[PDB]
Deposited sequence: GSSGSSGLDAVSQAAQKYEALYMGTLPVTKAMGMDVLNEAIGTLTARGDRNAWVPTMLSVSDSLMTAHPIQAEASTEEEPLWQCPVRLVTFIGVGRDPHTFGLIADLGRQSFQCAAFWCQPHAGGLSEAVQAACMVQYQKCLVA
């Protein structure tokens, strides 16, 4: 049960499942987008199990099970938060978001979620 005002700015495939550079290349190339700035404003829920990006005021428009998440972090630009998830069995995606108070608050929540999740599966 979370709450984060963030602008979903797309998802694209990435080479290796982790690394701050791999993440930045990804976030970076999603940022380099000269346009009318059409990133969808959303609201992120982060349960221990799932991450959801609902639209403002209506099922999700992007979601991801915390278990699939492999790497996370704030990019070279503190406004952005990116995350890589092992999707295609032997293949990785990367989603990014814009946050004005800054992406740290969100990031912390996502990490804490991954921690709980990981620990739940490690032992039984």
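- Coordinate coverage of the deposited sequence is interrupted at 1-14, 72-77, where no C-alpha atom was modelled.
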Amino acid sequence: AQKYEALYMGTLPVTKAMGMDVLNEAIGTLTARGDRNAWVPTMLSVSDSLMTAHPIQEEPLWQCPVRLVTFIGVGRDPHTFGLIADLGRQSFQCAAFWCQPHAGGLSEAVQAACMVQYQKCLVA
From here on, numbers count along this sequence of modelled residues.
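- Set 78-86 against 43-51 and average the Cα temperature factors; 43-51 ends up higher.
- Higher mean CA temperature factor, per the PDB entry, when comparing 67-75 with 30-38: 30-38.
- Among 18, 116, 109, 12, the highest C-alpha B-factor in the deposited entry belongs to 18.
- Residue 121 sits in the lowest third of its chain by CA B factor, as recorded in the PDB entry.
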